[PDB]
>>> print(open('data-v8.pdb').read())   # PDB, C-alpha atoms (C1' of nucleotides)
MODEL        1
ATOM      1  CA  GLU G   1     112.268 -97.966-248.869  1.00  0.00           C
ATOM      2  CA  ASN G   2     109.537 -96.892-246.422  1.00  0.00           C
ATOM      3  CA  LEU G   3     112.245 -95.746-244.016  1.00  0.00           C
ATOM      4  CA  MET G   4     111.595 -92.863-241.630  1.00  0.00           C
ATOM      5  CA  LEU G   5     114.882 -91.060-240.932  1.00  0.00           C
ATOM      6  CA  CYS G   6     113.912 -88.576-238.218  1.00  0.00           C
ATOM      7  CA  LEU G   7     114.487 -87.733-234.556  1.00  0.00           C
ATOM      8  CA  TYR G   8     112.108 -88.733-231.775  1.00  0.00           C
ATOM      9  CA  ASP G   9     111.400 -86.467-228.808  1.00  0.00           C
ATOM     10  CA  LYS G  10     108.209 -87.849-227.213  1.00  0.00           C
ATOM     11  CA  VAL G  11     106.818 -91.383-226.983  1.00  0.00           C
ATOM     12  CA  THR G  12     104.014 -92.003-224.479  1.00  0.00           C
ATOM     13  CA  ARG G  13     102.308 -95.365-224.011  1.00  0.00           C
ATOM     14  CA  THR G  14      99.259 -96.322-221.931  1.00  0.00           C
ATOM     15  CA  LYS G  15      99.466-100.110-221.570  1.00  0.00           C
ATOM     16  CA  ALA G  16      98.315-100.719-225.147  1.00  0.00           C
ATOM     17  CA  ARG G  17      99.004 -97.694-227.376  1.00  0.00           C
ATOM     18  CA  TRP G  18     101.987 -95.684-228.590  1.00  0.00           C
ATOM     19  CA  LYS G  19     102.136 -91.896-228.962  1.00  0.00           C
ATOM     20  CA  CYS G  20     105.417 -91.124-230.738  1.00  0.00           C
ATOM     21  CA  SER G  21     106.369 -87.573-231.720  1.00  0.00           C
ATOM     22  CA  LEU G  22     108.977 -87.365-234.489  1.00  0.00           C
ATOM     23  CA  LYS G  23     110.598 -84.124-235.620  1.00  0.00           C
ATOM     24  CA  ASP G  24     112.579 -82.850-238.614  1.00  0.00           C
ATOM     25  CA  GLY G  25     113.057 -86.025-240.629  1.00  0.00           C
ATOM     26  CA  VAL G  26     113.052 -87.361-244.182  1.00  0.00           C
ATOM     27  CA  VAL G  27     110.783 -90.227-245.264  1.00  0.00           C
ATOM     28  CA  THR G  28     111.107 -92.086-248.577  1.00  0.00           C
ATOM     29  CA  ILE G  29     107.959 -94.062-249.415  1.00  0.00           C
ATOM     30  CA  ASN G  30     107.735 -96.326-252.472  1.00  0.00           C
ATOM     31  CA  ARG G  31     109.315 -94.214-255.239  1.00  0.00           C
ATOM     32  CA  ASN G  32     108.307 -91.056-253.350  1.00  0.00           C
ATOM     33  CA  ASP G  33     110.319 -88.736-251.096  1.00  0.00           C
ATOM     34  CA  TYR G  34     108.753 -86.790-248.212  1.00  0.00           C
ATOM     35  CA  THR G  35     110.226 -84.545-245.509  1.00  0.00           C
ATOM     36  CA  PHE G  36     108.103 -83.278-242.615  1.00  0.00           C
ATOM     37  CA  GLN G  37     108.420 -80.619-239.933  1.00  0.00           C
ATOM     38  CA  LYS G  38     106.508 -82.557-237.256  1.00  0.00           C
ATOM     39  CA  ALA G  39     105.447 -86.187-237.048  1.00  0.00           C
ATOM     40  CA  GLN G  40     102.981 -87.680-234.569  1.00  0.00           C
ATOM     41  CA  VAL G  41     103.040 -91.493-234.660  1.00  0.00           C
ATOM     42  CA  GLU G  42     100.696 -93.644-232.552  1.00  0.00           C
ATOM     43  CA  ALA G  43     101.410 -97.356-232.979  1.00  0.00           C
ATOM     44  CA  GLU G  44      99.601-100.284-231.336  1.00  0.00           C
ATOM     45  CA  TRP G  45     101.589-103.182-229.884  1.00  0.00           C
ATOM     46  CA  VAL G  46      99.323-106.221-229.543  1.00  0.00           C
TER
ATOM     47  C1'  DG I   1     108.577 -54.189-139.306  1.00  0.00           C
ATOM     48  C1'  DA I   2     104.586 -51.688-140.374  1.00  0.00           C
ATOM     49  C1'  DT I   3      97.080 -53.099-137.396  1.00  0.00           C
ATOM     50  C1'  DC I   4      91.903 -55.623-138.055  1.00  0.00           C
ATOM     51  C1'  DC I   5      88.475 -58.705-140.417  1.00  0.00           C
ATOM     52  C1'  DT I   6      85.549 -60.569-144.205  1.00  0.00           C
ATOM     53  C1'  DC I   7      86.050 -62.485-149.862  1.00  0.00           C
ATOM     54  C1'  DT I   8      87.517 -62.982-154.538  1.00  0.00           C
ATOM     55  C1'  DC I   9      91.103 -65.609-158.187  1.00  0.00           C
ATOM     56  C1'  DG I  10      94.391 -68.140-160.994  1.00  0.00           C
ATOM     57  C1'  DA I  11     142.313 -86.103-177.882  1.00  0.00           C
ATOM     58  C1'  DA I  12     138.566 -83.852-179.589  1.00  0.00           C
ATOM     59  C1'  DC I  13     137.995 -83.082-184.503  1.00  0.00           C
ATOM     60  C1'  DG I  14     138.780 -84.462-188.642  1.00  0.00           C
ATOM     61  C1'  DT I  15     138.992 -87.544-191.626  1.00  0.00           C
ATOM     62  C1'  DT I  16     138.436 -91.037-194.232  1.00  0.00           C
ATOM     63  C1'  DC I  17     135.573 -94.397-195.643  1.00  0.00           C
ATOM     64  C1'  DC I  18     133.409 -98.950-194.890  1.00  0.00           C
ATOM     65  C1'  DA I  19     128.884-100.816-193.432  1.00  0.00           C
ATOM     66  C1'  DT I  20     122.538-100.515-192.881  1.00  0.00           C
ATOM     67  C1'  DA I  21     118.989-100.188-194.956  1.00  0.00           C
ATOM     68  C1'  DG I  22     116.365 -97.498-198.022  1.00  0.00           C
ATOM     69  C1'  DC I  23     114.865 -95.612-201.901  1.00  0.00           C
ATOM     70  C1'  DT I  24     113.869 -95.198-205.745  1.00  0.00           C
ATOM     71  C1'  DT I  25     114.038 -97.106-210.211  1.00  0.00           C
ATOM     72  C1'  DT I  26     109.207 -99.300-214.295  1.00  0.00           C
ATOM     73  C1'  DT I  27     105.474-101.512-214.609  1.00  0.00           C
ATOM     74  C1'  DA I  28     100.537-104.266-214.199  1.00  0.00           C
ATOM     75  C1'  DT I  29      94.945-101.505-212.078  1.00  0.00           C
ATOM     76  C1'  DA I  30      90.602-100.284-209.730  1.00  0.00           C
ATOM     77  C1'  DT I  31      88.447 -95.707-208.872  1.00  0.00           C
ATOM     78  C1'  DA I  32      87.778 -89.872-208.780  1.00  0.00           C
ATOM     79  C1'  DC I  33      89.217 -86.172-210.032  1.00  0.00           C
ATOM     80  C1'  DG I  34      93.038 -82.878-210.431  1.00  0.00           C
ATOM     81  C1'  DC I  35      95.904 -80.051-213.796  1.00  0.00           C
ATOM     82  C1'  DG I  36      98.011 -80.656-218.426  1.00  0.00           C
ATOM     83  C1'  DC I  37      98.079 -79.400-222.365  1.00  0.00           C
ATOM     84  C1'  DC I  38      97.100 -80.955-227.831  1.00  0.00           C
ATOM     85  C1'  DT I  39      94.550 -79.946-231.313  1.00  0.00           C
ATOM     86  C1'  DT I  40      91.253 -78.586-233.935  1.00  0.00           C
ATOM     87  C1'  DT I  41      87.643 -75.917-233.311  1.00  0.00           C
ATOM     88  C1'  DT I  42      86.386 -71.917-233.426  1.00  0.00           C
ATOM     89  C1'  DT I  43      86.296 -67.559-233.754  1.00  0.00           C
ATOM     90  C1'  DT I  44      88.403 -62.720-234.893  1.00  0.00           C
ATOM     91  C1'  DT I  45      90.809 -60.475-237.671  1.00  0.00           C
ATOM     92  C1'  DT I  46      93.250 -58.127-242.395  1.00  0.00           C
ATOM     93  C1'  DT I  47      93.720 -57.611-246.751  1.00  0.00           C
ATOM     94  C1'  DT I  48      92.299 -57.615-251.365  1.00  0.00           C
TER
ENDMDL
END
>>> encode(input="data-v8.pdb", output="structure tokens")
Amino acid sequence: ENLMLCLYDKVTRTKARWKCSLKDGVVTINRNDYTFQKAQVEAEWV
DNA sequence: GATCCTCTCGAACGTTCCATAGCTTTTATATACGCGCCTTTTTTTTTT
């Protein structure tokens, strides 16, 4: 259900922006299953 | 001692442990300008 089951190792933020590095996880997205080897997530907190 | 004159140079020691203040903790930001190091960019390379 759009749930990222992984392990984070690096999250860097510069006052407005995320830089999250996720590794060796399984993601299930809307009747689809996906597993990655690396994940680089950069969110934006308002 | 050992002449004479010019003239040049630089209970103390441990032992325990409270008591002072700090420090360092993140995190806002302006600048330059440092490495840092990602990633793709970009090649060089190997095989078919």
>>> resolve_selection(input="data-v8.pdb", expression="the PyMOL selection byres ((chain G) within 12 of (chain I))", output="list in words")
residues 13, 14, 15, 16 and 40 of chain G
>>> resolve_selection(input="data-v8.pdb", expression="the PyMOL selection byres ((chain G and resi 44) around 12)", output="PDB file with C-alpha atoms, in the frame of the given file")
ATOM      1  CA  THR G  12     104.014 -92.003-224.479  1.00  0.00           C
ATOM      2  CA  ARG G  13     102.308 -95.365-224.011  1.00  0.00           C
ATOM      3  CA  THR G  14      99.259 -96.322-221.931  1.00  0.00           C
ATOM      4  CA  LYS G  15      99.466-100.110-221.570  1.00  0.00           C
ATOM      5  CA  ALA G  16      98.315-100.719-225.147  1.00  0.00           C
ATOM      6  CA  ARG G  17      99.004 -97.694-227.376  1.00  0.00           C
ATOM      7  CA  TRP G  18     101.987 -95.684-228.590  1.00  0.00           C
ATOM      8  CA  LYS G  19     102.136 -91.896-228.962  1.00  0.00           C
ATOM      9  CA  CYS G  20     105.417 -91.124-230.738  1.00  0.00           C
ATOM     10  CA  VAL G  41     103.040 -91.493-234.660  1.00  0.00           C
ATOM     11  CA  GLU G  42     100.696 -93.644-232.552  1.00  0.00           C
ATOM     12  CA  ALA G  43     101.410 -97.356-232.979  1.00  0.00           C
ATOM     13  CA  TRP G  45     101.589-103.182-229.884  1.00  0.00           C
ATOM     14  CA  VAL G  46      99.323-106.221-229.543  1.00  0.00           C
TER      15      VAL G  46
END
>>> atom_distance(input="data-v8.pdb", atom1="atom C1' of residue 37 of chain I", atom2="atom CA of residue 11 of chain G")
15.5 Å
>>> atom_distance(input="data-v8.pdb", atom1="atom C1' of residue 42 of chain I", atom2="atom CA of residue 38 of chain G")
23.1 Å
>>> resolve_selection(input="data-v8.pdb", expression="the PyMOL selection byres ((chain G and resi 37) around 9)", output="NGL selection string")
:G and (22-25 or 35-36 or 38-39)
>>> write_last_selection(input="data-v8.pdb", atoms="C-alpha atoms", output="CSV table (one decimal), keeping the file's coordinate frame")
chain,number,residue,atom,x,y,z
G,22,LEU,CA,109.0,-87.4,-234.5
G,23,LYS,CA,110.6,-84.1,-235.6
G,24,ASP,CA,112.6,-82.8,-238.6
G,25,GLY,CA,113.1,-86.0,-240.6
G,35,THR,CA,110.2,-84.5,-245.5
G,36,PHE,CA,108.1,-83.3,-242.6
G,38,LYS,CA,106.5,-82.6,-237.3
G,39,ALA,CA,105.4,-86.2,-237.0
>>> residues_around(input="data-v8.pdb", residues="residue 27 of chain G", least_positions_apart="2", cutoff="7 Å", atoms="only C-alpha atoms (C1' of nucleotides)", output="PyMOL selection string")
chain G and resi 2-5+25+29+33-35
>>> axis_aligned_box(input="data-v8.pdb", around="segment 10-26 of chain I", padding_each_side="6 Å", output="AutoDock Vina command-line options")
--center_x 118.4 --center_y -84.5 --center_z -187.6 --size_x 59.9 --size_y 44.7 --size_z 65.3
>>> build_atoms(input="data-v8.pdb", residues="segment 23-46 of chain G", atoms="N, CA and C atoms", output="PDB file, in the coordinates of the input")
ATOM      1  N   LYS G  23     110.358 -85.500-235.202  1.00  0.00           N
ATOM      2  CA  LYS G  23     110.598 -84.124-235.620  1.00  0.00           C
ATOM      3  C   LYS G  23     111.750 -84.041-236.607  1.00  0.00           C
ATOM      4  N   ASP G  24     111.531 -83.292-237.692  1.00  0.00           N
ATOM      5  CA  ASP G  24     112.579 -82.850-238.614  1.00  0.00           C
ATOM      6  C   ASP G  24     113.310 -84.041-239.247  1.00  0.00           C
ATOM      7  N   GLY G  25     112.538 -84.830-240.001  1.00  0.00           N
ATOM      8  CA  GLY G  25     113.057 -86.025-240.629  1.00  0.00           C
ATOM      9  C   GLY G  25     112.762 -86.055-242.118  1.00  0.00           C
ATOM     10  N   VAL G  26     113.276 -87.099-242.765  1.00  0.00           N
ATOM     11  CA  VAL G  26     113.052 -87.361-244.182  1.00  0.00           C
ATOM     12  C   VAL G  26     112.523 -88.780-244.326  1.00  0.00           C
ATOM     13  N   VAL G  27     111.415 -88.931-245.048  1.00  0.00           N
ATOM     14  CA  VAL G  27     110.783 -90.227-245.264  1.00  0.00           C
ATOM     15  C   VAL G  27     110.698 -90.487-246.762  1.00  0.00           C
ATOM     16  N   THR G  28     111.201 -91.643-247.189  1.00  0.00           N
ATOM     17  CA  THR G  28     111.107 -92.086-248.577  1.00  0.00           C
ATOM     18  C   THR G  28     110.117 -93.244-248.625  1.00  0.00           C
ATOM     19  N   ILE G  29     109.038 -93.082-249.387  1.00  0.00           N
ATOM     20  CA  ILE G  29     107.959 -94.062-249.415  1.00  0.00           C
ATOM     21  C   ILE G  29     107.677 -94.459-250.858  1.00  0.00           C
ATOM     22  N   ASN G  30     108.173 -95.630-251.259  1.00  0.00           N
ATOM     23  CA  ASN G  30     107.735 -96.326-252.472  1.00  0.00           C
ATOM     24  C   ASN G  30     107.800 -95.421-253.705  1.00  0.00           C
ATOM     25  N   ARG G  31     109.034 -95.098-254.104  1.00  0.00           N
ATOM     26  CA  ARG G  31     109.315 -94.214-255.239  1.00  0.00           C
ATOM     27  C   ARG G  31     108.789 -92.801-254.996  1.00  0.00           C
ATOM     28  N   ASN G  32     108.688 -92.410-253.728  1.00  0.00           N
ATOM     29  CA  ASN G  32     108.307 -91.056-253.350  1.00  0.00           C
ATOM     30  C   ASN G  32     109.202 -90.612-252.206  1.00  0.00           C
ATOM     31  N   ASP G  33     109.521 -89.321-252.167  1.00  0.00           N
ATOM     32  CA  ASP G  33     110.319 -88.736-251.096  1.00  0.00           C
ATOM     33  C   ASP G  33     109.492 -87.687-250.361  1.00  0.00           C
ATOM     34  N   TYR G  34     109.501 -87.740-249.028  1.00  0.00           N
ATOM     35  CA  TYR G  34     108.753 -86.790-248.212  1.00  0.00           C
ATOM     36  C   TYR G  34     109.568 -86.382-246.994  1.00  0.00           C
ATOM     37  N   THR G  35     109.604 -85.082-246.714  1.00  0.00           N
ATOM     38  CA  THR G  35     110.226 -84.545-245.509  1.00  0.00           C
ATOM     39  C   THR G  35     109.196 -83.717-244.754  1.00  0.00           C
ATOM     40  N   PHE G  36     109.083 -83.953-243.451  1.00  0.00           N
ATOM     41  CA  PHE G  36     108.103 -83.278-242.615  1.00  0.00           C
ATOM     42  C   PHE G  36     108.787 -82.304-241.665  1.00  0.00           C
ATOM     43  N   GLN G  37     107.970 -81.465-241.029  1.00  0.00           N
ATOM     44  CA  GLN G  37     108.420 -80.619-239.933  1.00  0.00           C
ATOM     45  C   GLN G  37     108.055 -81.177-238.567  1.00  0.00           C
ATOM     46  N   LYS G  38     106.891 -81.812-238.445  1.00  0.00           N
ATOM     47  CA  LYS G  38     106.508 -82.557-237.256  1.00  0.00           C
ATOM     48  C   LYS G  38     105.958 -83.906-237.691  1.00  0.00           C
ATOM     49  N   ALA G  39     106.060 -84.891-236.803  1.00  0.00           N
ATOM     50  CA  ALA G  39     105.447 -86.187-237.048  1.00  0.00           C
ATOM     51  C   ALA G  39     104.927 -86.741-235.733  1.00  0.00           C
ATOM     52  N   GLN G  40     103.664 -87.150-235.743  1.00  0.00           N
ATOM     53  CA  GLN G  40     102.981 -87.680-234.569  1.00  0.00           C
ATOM     54  C   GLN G  40     102.544 -89.100-234.901  1.00  0.00           C
ATOM     55  N   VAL G  41     103.241 -90.084-234.336  1.00  0.00           N
ATOM     56  CA  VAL G  41     103.040 -91.493-234.660  1.00  0.00           C
ATOM     57  C   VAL G  41     102.465 -92.195-233.437  1.00  0.00           C
ATOM     58  N   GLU G  42     101.367 -92.920-233.629  1.00  0.00           N
ATOM     59  CA  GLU G  42     100.696 -93.644-232.552  1.00  0.00           C
ATOM     60  C   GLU G  42     100.500 -95.098-232.979  1.00  0.00           C
ATOM     61  N   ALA G  43     101.466 -95.944-232.641  1.00  0.00           N
ATOM     62  CA  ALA G  43     101.410 -97.356-232.979  1.00  0.00           C
ATOM     63  C   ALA G  43     100.631 -98.133-231.918  1.00  0.00           C
ATOM     64  N   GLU G  44     100.421 -99.422-232.189  1.00  0.00           N
ATOM     65  CA  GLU G  44      99.601-100.284-231.336  1.00  0.00           C
ATOM     66  C   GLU G  44     100.290-101.642-231.234  1.00  0.00           C
ATOM     67  N   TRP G  45     100.949-101.894-230.107  1.00  0.00           N
ATOM     68  CA  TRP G  45     101.589-103.182-229.884  1.00  0.00           C
ATOM     69  C   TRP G  45     100.574-104.135-229.269  1.00  0.00           C
ATOM     70  N   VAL G  46     100.338-105.256-229.946  1.00  0.00           N
ATOM     71  CA  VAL G  46      99.323-106.221-229.543  1.00  0.00           C
ATOM     72  C   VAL G  46      99.618-106.806-228.169  1.00  0.00           C
TER      73      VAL G  46
END
